[PDB]
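Scroll down for the structure; my scribbles are underneath it.
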Amino acid sequence: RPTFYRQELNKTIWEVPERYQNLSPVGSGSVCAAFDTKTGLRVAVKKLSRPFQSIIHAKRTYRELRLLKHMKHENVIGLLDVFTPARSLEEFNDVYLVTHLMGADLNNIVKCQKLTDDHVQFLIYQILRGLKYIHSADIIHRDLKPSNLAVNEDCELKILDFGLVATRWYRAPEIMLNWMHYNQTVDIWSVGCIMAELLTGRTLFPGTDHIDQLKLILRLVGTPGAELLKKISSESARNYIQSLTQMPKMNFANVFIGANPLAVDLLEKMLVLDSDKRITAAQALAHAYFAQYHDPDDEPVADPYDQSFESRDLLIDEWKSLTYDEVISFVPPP
Ligand SMILES: O=C(Nc1cc(Nc2ccc3c(c2)CCCCC3=O)ccc1F)c1ccccc1
Ligand SMILES: CCCCCCCCO[C@@H]1O[C@H](CO)[C@@H](O)[C@H](O)[C@H]1O
Ligand SMILES: CCCCCCCCO[C@@H]1O[C@H](CO)[C@@H](O)[C@H](O)[C@H]1O
């Protein structure tokens, strides 16, 4: 058992193993950047806030723990450590999670500057490679955006924050429109949004609200064709969407003037309204735009993921006990 020490951060008391040093709040549970004197790594230390206050908190806590334990991929955030001061299940009330701190997010690079095509290749290849792994385990991210893309100095990229500035500029349209159900291509829409911005230096759909965002999207990728219209039940919703100028798809060049034609071709395959018609992560990895980086025997897939818990409505003491067993059984990466 590690030796713990108390320290006051983000209006709470952190109680952390003494190997973790220089805890400094990054965002607000809440996260501190730190140095791990035992491994030599820079690490993000997240303290969950009242993880067992309610059913929703308790299940949130269990899910993030579970998802973090599962991910073992170069381009996806993984668990370095998880710890509790608690010496038993009954004393158990606090949860901390330790993660790589890559150093910056993908906002800190966009900088409103055109990245080169070469750099966009390398950056998008990694996102796609990470997504392939996540999607192979039946997990949809649902809110992929530059903020959730961690990079280091060498531009190594890790995807973070993926469970069951404006924070809606990258969201698939169906996600905004309370669509009963979602496929994995919701994240591919996000990729197209991010890729587009890296090449142009500019937000692709900078909506001012919900309805604006939707209008900006119909402007670039046009009014739903007949194949997609058949998949929308409401006649009043169709009438409503068609009351927004009902014009055909823009050709996808005027935005991406000067871009690699292969990049443009990829963005056209990502940024399809009909989610059934978007390129998948694995398909996009084979697209000629990634020829310099694509290696079919180094694009790992995930072990299958037991997400049964996801459909369960359980009592707190069950989520708590389930979480605690996940803590006690944790093995760090060698
Ligand atoms: O990412 C999940 N949880 C999680 C997120 C963090 N957050 C960060 C880590 C590193 C960095 C940054 C934030 C941003 C500042 C730039 C440096 C950097 O690199 C820390 C610890 C965690 F546990 C997650 C995963 C699945 C479901 C729910 C949440
Ligand atoms: C404002 C116009 C936006 C509406 C277009 C969103 C289309 C999303 O695509 C739809 O998503 C569903 C999965 O979520 C699938 O069941 C449908 O087959 C697919 O067409
Ligand atoms: C602002 C533009 C109006 C968007 C109207 C789109 C409403 C889509 O509505 C969605 O259609 C799906 C297929 O019928 C259903 O499965 C979902 O229940 C429903 O939310």
Q. Restricting attention to the stretch 257-293, and to residues there that are small (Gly, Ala, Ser) and part of a loop (DSSP other than H, G, I, E, B), which single residue is farthest from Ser136 (Cα to Cα)?
A. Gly258
Q. Right, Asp187: within 16 Å of ligand 1 (Cβ to nearest atom), under 30 Å from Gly29 (Cβ atoms) and assigned to a helix (DSSP H, G or I) or not?
A. yes
Q. Of these, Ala196, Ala166, which one is small (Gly, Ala, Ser) and part of a loop (DSSP other than H, G, I, E, B)?
A. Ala166
**Q.** Scan of the stretch 18-72 for residues that are among the polar types (S, T, N, Q), surrounded by fewer than 20 Cβ atoms within 10 Å (Cβ to Cβ) and in contact with a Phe, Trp or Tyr (Cβ under 8 Å, 6 or more places away or on another chain), ordered by number
**A.** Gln21, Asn22, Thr37
Q: Scan the stretch 17-50 for residues that are assigned to a loop (DSSP other than H, G, I, E, B) and either touching a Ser or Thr at 6+ places or on another chain (Cβ under 8 Å) or of a type in the set (D, E, K, R) (or both) and report the count.
A: 7
Q: Being more than 16 Å from ligand 1 (Cβ to nearest atom), of a type in the set (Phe, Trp, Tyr) and either farther than 30 Å from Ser329 by Cα or assigned to a helix (DSSP H, G or I) (or both) is the filter here, so list the residues in the stretch 89-137 that pass it.
A: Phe122, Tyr125
Q.
One residue is enough: does the stretch 138-145 have a residue meeting the conditions over 30 Å from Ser329 (Cβ atoms) and either in a helix (DSSP H, G or I) or more than 9 Å from ligand 1 (Cβ to nearest atom) (or both)?
A. yes
Q) Can you tell me which residues in the stretch 146-156 are under 19 Å from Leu204 (Cβ atoms) and part of a strand (DSSP E or B)? A) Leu149
Q) How many residues, within the stretch 147-197, are within 16 Å of ligand 2 (Cβ to nearest atom) and either within 19 Å of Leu218 (Cα to Cα) or buried (at least 19 other Cβ atoms within 10 Å of the Cβ) (or both)? A) 22
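A short reminder: the numbers here are calculations on the coordinates, not readings from a lab. Virtual Cβ from ideal backbone geometry, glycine too; neighbours counted across all protein chains shown.
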